[PDB]
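Enquirer: Can you read through this structure? Questions will come right after.
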Ligand SMILES: [Ca+2]
Ligand SMILES: [Ca+2]
Ligand SMILES: [Ca+2]
Ligand SMILES: [Ca+2]
Ligand SMILES: [Ca+2]
Ligand SMILES: [Ca+2]
């Protein structure tokens, strides 16, 4: 088949993020969302709010010699065509006033079609040609598109993805006079018309690649011509065509009325807004409300994408599937449904809560950073507020039925308890630690969950949740309120602390080119969330001293009112020259933050109307509230104004929601989404008692000796609950003491003890217990023993961390089908050389029954054992040298090694059968620690020990840097031992029994080879 020139078509980008307007029908039958920019129609989403398919659709007019695009006419306007519907009207006038184009957008509520009502007026003597320019980017990619023709329509498809196939059909109410398909940059309509003012291409096909279509619209005799276009979408070309035709069959006027009617009814059925809202503030309210509703998907009701846009889209390539802002974030959704809840749309919230827990929630209980409308995980960062908000949504809505609690809510709440107070990522999705913003949601979510659990008769989980929430609520100031900050009085909440000591002045890189700055120096308004979520009283003094420094550090006065930056030094925004963000830049003013300040003001009985005025001063002529507005007096080359959209991303469903929600709060006289049961506990009047709680056993970290562990202590509380990994059991309190043998249910058990006072006050205590099975017996050994007979030295290289070869203990456990031999060292369990669990350690455990006398150990060992042995367990993660061997070097069984750094342990799983009948419960054993080494470095994979002075001398360099010293002998490459003297043991330390010393037992000067004692495990 013959193709128009240009294949595969030019590289393409997306569209300006600042949309002049957006729209979709209220009816879910129409899976179409349109956006506008630069006087053209930009991305049109379908069939999900998360899939863009278009780049630009506009008109070109020619005089037969010269041709023009409306996107280049300096004079063009945008205005919403109906104060109660998302229908916009763009107007384009020739720079020489020869013609005028008027376009009004709407969509067919019954089917997937975007419709355009157009009026073309020739104000000259006449003789003009009009053409539609449609450059699609089907299925979220500018390439892989194929355009064709059929029955006077312009077809196009991209069925590369079997999951979401996309096809379109462009149809003229008066048909086309001439059509053409082409490759962008070579044979597309504008490239053609620009050249000679004539559409020379007539190809009825093009692609696959980056193509575009153009169709001449026949004009009517006289000054103007009225017509409409129908851009239909379907899974295939036939469907798309049929659908677009049906729309034209009904007609623009009819469809238009129907589209506008649905919205008018929706608004009119919802709660009437505050009467104190001026005309403009009311229209803003209405448009912001419809916009938030428009961010809800139609295929997956209850799912809300963040924004029908792509930030700095003109610089975002469109060749590969991109996420942009058109995806589902639990946080923004929270903002959206909470705003719809404020307006009266209960259904949307119920669907929302259902979708969140059914589709986005991960099996472990937490919510992914991002997801597709169908729940397919997108970004995988861990933001604790995204697991908290859905919980708070379920709390506000009453979704608390026993089933939803057990299988949905509880796993989410358990995750928060297990995750601890530090969040890996806060709401700006950049850094972790104690976040004021996120901890606020963590506390409120847990306190709500406690009431939800209590309602469902689960008193144990309720106490764990409340105790935890209470403990974090009373630590808010200790962890994030600095008293020595380099701003104002030095007293204020900082954005986030890594260690939880707001005065340590710890530093970190804050990304986007901001560089390193102490946490003490970064201010962030996220602390206002404390009163917003009922975690602190509206008049909380800590939150109050933060205002001054925070306002001085990141706020400023725009002509529309005071606005705030996200945080100090934030660089997520345009560059100094006004150029878009490309990894680095300088963050600007975020209008939604004015709304947040408004809720804080409102909560304190102040007039929040001005904040609404500020948010609206940031909107464009279409009432779209941007994510950011310029903050400088001067206008870079890119005309930028103080307090107006930078042009990067608008609307933001979140900012649109903040406007509606604050406005609803103004009518109520208080923020309406604040969790009442939470505020009743932390922001109300009387304080609760703080019971005393002391857990004497176990210690912070311990290893059980069975499947149960003793949890005991003292308390002056009425009740005490002990919960292990989500399963709680009550501990009867007697005379201010308690003691419960709780059941362990995993390798690692997170134990939480919650005490409850008669008035409801709580205290909490966390403990971690490692489980390996029933302890058979144990052996102990002192620390700082890692020096052989007391004169050996680790090889100088850094990899050999202190205490690496220092054994502190050996515990054996019956672990079902295996024996768990757990070795404990004073040093840190490291694994740099990439071995199995470990790299440097090679411990030997000779097992026997105490028969006979002196018996040599493994080869490169250079030691004898007290009595004979039937087998040895070699724990070496290097070179696959681990397993159980017979005295003849044969490996009789494979073993598994596991490193548990937190406990400085090294676990070796040995299948019971590996010990042919030899029961570790009554067996004698010798334990020695050696340094692993390659075969060519010493026989038996044992790093040898050389003479003291020789080693100290350092010559060659690798001797003192990669070998042990303080023993005897120098290197020798001729023999397998590589040591000219093997009389001295190669063990850095062993275990001995009562009456003996490692100094004497390892004293080769008194006898060689040395004889390591054979001892038994103590129950
Ligand atoms: Ca494509
Ligand atoms: Ca294209
Ligand atoms: Ca779930
Ligand atoms: Ca030791
Ligand atoms: Ca030696
Ligand atoms: Ca020792």
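Enquirer: Could we say that residue 412 is part of a helix (DSSP H, G or I), under 24 Å from residue 748 (Cβ atoms) and more than 16 Å from ligand 4 (Cβ to nearest atom) here?
Expert: yes
Enquirer: While we're here: If a residue has to be in contact with a strand residue (DSSP E or B) (Cβ under 7 Å, 6 or more places away or on another chain) and closer than 15 Å to residue 20 by Cβ to count, how many in segment 613-645 make the cut?
Expert: So the first thing to find is which residues in segment 613-645 are in contact with a strand residue (DSSP E or B) (Cβ under 7 Å, 6 or more places away or on another chain), and the list is 613-614, 617-618, 620-629, 631, 642-645.
From what is left, the residues that are closer than 15 Å to residue 20 by Cβ are 618, 620-626, 644-645.
Summing the residues that are in contact with a strand residue (DSSP E or B) (Cβ under 7 Å, 6 or more places away or on another chain) and closer than 15 Å to residue 20 by Cβ in segment 613-645 gives 10.
Enquirer: Could we say that residue 690 is in contact with a helix residue (DSSP H, G or I) (Cβ under 9 Å, 6 or more places away or on another chain) and either closer than 26 Å to residue 452 by Cα or not assigned by CATH to the domain that holds residue 609 (or both) here? Before the answer, list the steps.
Expert: Working: in contact with a helix residue (DSSP H, G or I) (Cβ under 9 Å, 6 or more places away or on another chain): yes; either closer than 26 Å to residue 452 by Cα or not assigned by CATH to the domain that holds residue 609 (or both): yes.
Yes, satisfied.
Enquirer: Can you find a residue in segment 333-355 that is part of a loop (DSSP other than H, G, I, E, B) and free of Cβ contacts under 8 Å to residues at least 60 places away in the same chain?
Expert: No - not one qualifying residue is present in segment 333-355.
Enquirer: Quick one: count up the residues across segment 135-149 that are surrounded by 24 or more Cβ atoms within 10 Å (Cβ to Cβ) and within 13 Å of residue 176 (Cβ to Cβ).
Expert: Residues meeting the conditions: 0.
Enquirer: Further, regarding this structure: Do the conditions hold for residue 123, that is, is it touching a residue at least 60 places away in the same chain (Cβ under 8 Å), in contact with a strand residue (DSSP E or B) (Cβ under 7 Å, 6 or more places away or on another chain), assigned by CATH to the domain that holds residue 260 and surrounded by fewer than 18 Cβ atoms within 10 Å (Cβ to Cβ)?
Expert: yes
Enquirer: Separate question: What tally of residues in segment 519-562 results from selecting those that are under 25 Å from residue 389 (Cα atoms) and part of a strand (DSSP E or B)?
Expert: Of the residues in segment 519-562, 1 are under 25 Å from residue 389 (Cα atoms) and part of a strand (DSSP E or B).
Enquirer: Can you confirm whether residue 111 is under 30 Å from residue 206 (Cα atoms) and touching a residue at least 12 places away in the same chain (Cβ under 8 Å)?
Expert: Against the criterion (under 30 Å from residue 206 (Cα atoms) and touching a residue at least 12 places away in the same chain (Cβ under 8 Å)), residue 111 qualifies.
Enquirer: Could you grab me the full set of residues in segment 160-184 that are in contact (Cβ under 8 Å) with a residue 60 or more places away in the chain and either touching a strand residue (DSSP E or B) at 6+ places or on another chain (Cβ under 7 Å) or closer than 24 Å to residue 63 by Cβ (or both)?
Expert: 166, 167, 168, 169, 170, 171, 173, 180, 181, 182, 183, 184
Enquirer: With the requirement that a residue be surrounded by fewer than 17 Cβ atoms within 10 Å (Cβ to Cβ) and within 17 Å of residue 806 (Cα to Cα), what does segment 892-930 give you?
Expert: 901, 902
Enquirer: Right, another one. Yes or no: residue 593 surrounded by 24 or more Cβ atoms within 10 Å (Cβ to Cβ), assigned by CATH to the domain that holds residue 513 and within 28 Å of the chain's Cα centre (by Cα)?
Expert: Numbers: surrounded by 24 or more Cβ atoms within 10 Å (Cβ to Cβ): yes; assigned by CATH to the domain that holds residue 513: yes; within 28 Å of the chain's Cα centre (by Cα): yes.
Considered against the rule, which asks whether it is surrounded by 24 or more Cβ atoms within 10 Å (Cβ to Cβ), assigned by CATH to the domain that holds residue 513 and within 28 Å of the chain's Cα centre (by Cα), residue 593 comes out as yes.
Enquirer: For residue 256, state whether it is in contact with a helix residue (DSSP H, G or I) (Cβ under 7 Å, 6 or more places away or on another chain) and farther than 17 Å from residue 145 by Cβ.
Expert: So residue 256 fails the test.
Enquirer: So, residue 899, is that one in contact with a strand residue (DSSP E or B) (Cβ under 8 Å, 6 or more places away or on another chain), more than 12 Å from ligand 5 (Cβ to nearest atom) and either assigned to a helix (DSSP H, G or I) or over 25 Å from residue 824 (Cα atoms) (or both) or not?
Expert: On the way: in contact with a strand residue (DSSP E or B) (Cβ under 8 Å, 6 or more places away or on another chain): yes; more than 12 Å from ligand 5 (Cβ to nearest atom): yes; either assigned to a helix (DSSP H, G or I) or over 25 Å from residue 824 (Cα atoms) (or both): no.
Against the criterion (in contact with a strand residue (DSSP E or B) (Cβ under 8 Å, 6 or more places away or on another chain), more than 12 Å from ligand 5 (Cβ to nearest atom) and either assigned to a helix (DSSP H, G or I) or over 25 Å from residue 824 (Cα atoms) (or both)), residue 899 does not qualify.
Enquirer: Name every residue in segment 958-1012 that is within 15 Å of ligand 4 (Cβ to nearest atom) and either buried (at least 19 other Cβ atoms within 10 Å of the Cβ) or under 18 Å from residue 934 (Cβ atoms) (or both), in order of residue number.
Expert: 985, 987, 988, 989, 990, 991, 992, 998, 1001, 1002, 1012
Enquirer: Also, quick follow-up: Counting only residues that are within 18 Å of residue 228 (Cα to Cα) and over 42 Å from the mean Cα position of the chain (by Cα), which one in segment 133-155 is nearest to ligand 5 (Cβ to nearest atom)?
Expert: Among those residues, the one meeting the criterion is 153.
Enquirer: Within segment 308-319, is even one residue in contact (Cβ under 8 Å) with a residue 60 or more places away in the chain, within 30 Å of residue 3 (Cα to Cα), assigned by CATH to the domain that holds residue 608 and in contact with a helix residue (DSSP H, G or I) (Cβ under 9 Å, 6 or more places away or on another chain)?
Expert: Within segment 308-319, one or more residues are in contact (Cβ under 8 Å) with a residue 60 or more places away in the chain, within 30 Å of residue 3 (Cα to Cα), assigned by CATH to the domain that holds residue 608 and in contact with a helix residue (DSSP H, G or I) (Cβ under 9 Å, 6 or more places away or on another chain).
Enquirer: Condition first: assigned to a strand (DSSP E or B) and over 41 Å from the mean Cα position of the chain (by Cα). Now tell me which residues in segment 77-102 satisfy that.
Expert: Those that are assigned to a strand (DSSP E or B) and over 41 Å from the mean Cα position of the chain (by Cα): 91, 92, 93, 99, 100, 101, 102.
Enquirer: Are any residues in segment 711-727 surrounded by 16 or more Cβ atoms within 10 Å (Cβ to Cβ) and not in a loop (DSSP other than H, G, I, E, B), and if so, which ones?
Expert: Of everything in segment 711-727, those that are surrounded by 16 or more Cβ atoms within 10 Å (Cβ to Cβ) and not in a loop (DSSP other than H, G, I, E, B) turn out to be 711, 712, 713, 714, 715, 719, 720, 721, 722, 723, 724.
Enquirer: Moving on to the next point. For segment 320-363, name all the residues that are under 16 Å from residue 652 (Cβ atoms), away from ligand 1 (no atom under 16 Å from the Cβ) and touching a strand residue (DSSP E or B) at 6+ places or on another chain (Cβ under 8 Å).
Expert: Within segment 320-363, 327, 328, 332, 333, 336, 337 meet the criteria.
Enquirer: With respect to residue 884, determine if the residue is closer than 19 Å to residue 917 by Cα and surrounded by 20 or more Cβ atoms within 10 Å (Cβ to Cβ).
Expert: Working: closer than 19 Å to residue 917 by Cα: yes; surrounded by 20 or more Cβ atoms within 10 Å (Cβ to Cβ): yes.
So residue 884 fits the description; yes.
Enquirer: So which of 995, 938, 954, 948 ends up being within 16 Å of ligand 5 (Cβ to nearest atom), in the same structural domain as residue 878 (by CATH) and farther than 19 Å from residue 872 by Cβ?
Expert: 948
Enquirer: To continue, here is another question. Taking interchain pairs and intrachain pairs at least six residues apart, which have beta carbon atoms under 9 angstrom, with the first residue in segment 952-970 and free of Cβ contacts under 8 Å to residues at least 60 places away in the same chain and the second part of a loop (DSSP other than H, G, I, E, B) and crowded, with 21+ Cβ neighbours inside 10 Å?
Expert: From residues that are free of Cβ contacts under 8 Å to residues at least 60 places away in the same chain, the pairs are 968/982; 968/984; 969/944; 969/982; 969/984.
What is reported rests on the model, the rules as stated and the sources as named; no laboratory instrument gave them. For neighbour counting, all protein chains shown are included, and Cβ atoms are generated from backbone atoms with ideal geometry for every residue, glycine included.
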